[PDB]
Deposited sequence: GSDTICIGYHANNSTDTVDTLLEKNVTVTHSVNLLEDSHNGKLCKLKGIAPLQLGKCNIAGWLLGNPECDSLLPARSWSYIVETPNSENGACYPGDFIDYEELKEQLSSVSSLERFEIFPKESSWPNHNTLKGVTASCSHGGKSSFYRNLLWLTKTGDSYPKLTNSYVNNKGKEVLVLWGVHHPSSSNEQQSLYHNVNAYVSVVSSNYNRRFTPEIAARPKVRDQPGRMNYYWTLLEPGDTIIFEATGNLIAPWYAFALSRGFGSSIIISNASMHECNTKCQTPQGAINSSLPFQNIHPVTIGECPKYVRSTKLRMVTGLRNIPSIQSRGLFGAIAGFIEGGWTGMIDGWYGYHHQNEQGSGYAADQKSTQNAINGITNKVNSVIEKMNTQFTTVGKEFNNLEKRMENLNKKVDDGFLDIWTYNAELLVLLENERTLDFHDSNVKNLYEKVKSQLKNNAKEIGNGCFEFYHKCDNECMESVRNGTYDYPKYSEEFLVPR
């Protein structure tokens, strides 16, 4: 007798997916949604190299610590890289006021131009510009000083009241940095500045601060009992800044005209720079991927997959792999799949006097391929790209804000890890049920064509009561079986 059987695809795949109902289900086709590979290097971003501070931190760079001269030509960058445990910062000990806020400002700067805000040789005619070096800021085995600040002291035995103004005609914000020095004794105050009770005043149209030396016994920091506090402000285009002092001013020498940009950040990384280009950079390495998720690093620059805690995110696209359910066909009354059917997901096996063969049902297969492809793309589309994450740093009196920031990051990460894993589990179950349903619907369509002209053999097969040649088989496969003829 001649027979036609309805069955489904199988292959040599060893891909496994999970559902809520079952773990480690081997499937014929699947897609990985989780990027876990990077190149372990620092790369250019959209063709623009980062700024590598190397042995310096942000403080050492912007103040011009003399160990940081290699950073002086710095113009434009795609992101800024601090290395772990930068050893060159504010060499002369003291407090850098609103330092974290300054770093947050630099996080949106794409370029700056360093310029001589107060030319050293001409700006300070009544004061000494030459004696301001210190062993606290040594370089090349000699006492030195910041490149961007100027330690003014008395000339002869006079420190007259100074007043210096700068008008911002750069057409951009100007970052102005200065310092206030705090001697360790009144005699030192007089030796450096003559005036016993001095002050510094710095005023713009939106900045206004006055500083008084606070002289006291202090522990030595790198053998220095003095202190030098550092301050900064953003001078708006067209605005004027006025410095007034009777002592203790560490005057601006160079300042920075800032250009604002999009998508920059400051990261800490021990990775090395290479001649690579990427659209996505993390502190551990660059990512070249189109997947929706990644488990490499929560800190990203550019356009990156969303970070999740997951170790596996795999969506099934094909069928259970059974090479010899909710709808009962796959792994049900059709107990196994057909490795012999290599051209579709669902199809037919026939056996007549002319021979036998496998043929996939193109219509049901292509409709299932279209649905599953839309499902995967729809899932990916809902997982919007992760753009440059903004670093957040807090000082030792901002622990509450630090913990709040951590709670926010941790909470969002919890939710997206849960969303990603759960959606994949649910959709994997639905995808397997979808295939089971398609096999079931295909079987029932063939059963409705043949009616009493064949007996059901139980395994998805029909044993014809007449002879069914290759032309007759094709009629069943394309759905035009002429029942009255037999």
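Counting from residue 1 of the deposited sequence, the stretches lacking C-alpha coordinates in this chain are 1, 326 to 329, 492 to 499.
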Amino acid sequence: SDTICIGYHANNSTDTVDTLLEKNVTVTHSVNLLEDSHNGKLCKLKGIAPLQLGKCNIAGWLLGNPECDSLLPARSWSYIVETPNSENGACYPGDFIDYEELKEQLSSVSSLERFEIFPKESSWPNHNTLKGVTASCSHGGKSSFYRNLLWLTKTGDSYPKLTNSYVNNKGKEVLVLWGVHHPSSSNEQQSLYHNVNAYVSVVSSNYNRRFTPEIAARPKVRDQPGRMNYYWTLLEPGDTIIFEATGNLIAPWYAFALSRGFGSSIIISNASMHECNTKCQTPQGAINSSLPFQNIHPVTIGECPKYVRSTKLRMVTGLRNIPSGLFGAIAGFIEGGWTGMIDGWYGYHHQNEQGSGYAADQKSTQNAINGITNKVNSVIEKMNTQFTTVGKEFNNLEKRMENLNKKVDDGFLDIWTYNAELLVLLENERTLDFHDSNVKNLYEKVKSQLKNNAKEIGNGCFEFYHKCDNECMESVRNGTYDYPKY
From here on, numbers count along this sequence of modelled residues.
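The stretch 348 to 356 shows the higher mean C-alpha B-factor when 257 to 265 is compared against 348 to 356 in the entry. Higher average CA B factor: 448 to 456, of the stretches 448 to 456 and 30 to 38. Within the group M341, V308, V202, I415, the record's highest C-alpha temperature factor is found at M341. The PDB entry gives the largest Cα B-factor of the residues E244, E236, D361, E101 to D361.
Per-chain ranking of the deposited C-alpha B factor places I322 in the highest third. Sorting the modelled residues of the chain by their CA temperature factor places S185 in the middle third. Ranked by Cα temperature factor within the chain, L162 sits in the middle third according to the deposited record. Ranked within its chain, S70 lands in the middle third, by CA B factor from the PDB record. Looking at the C-alpha B-factors along this chain, the one for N57 belongs to the lowest third.
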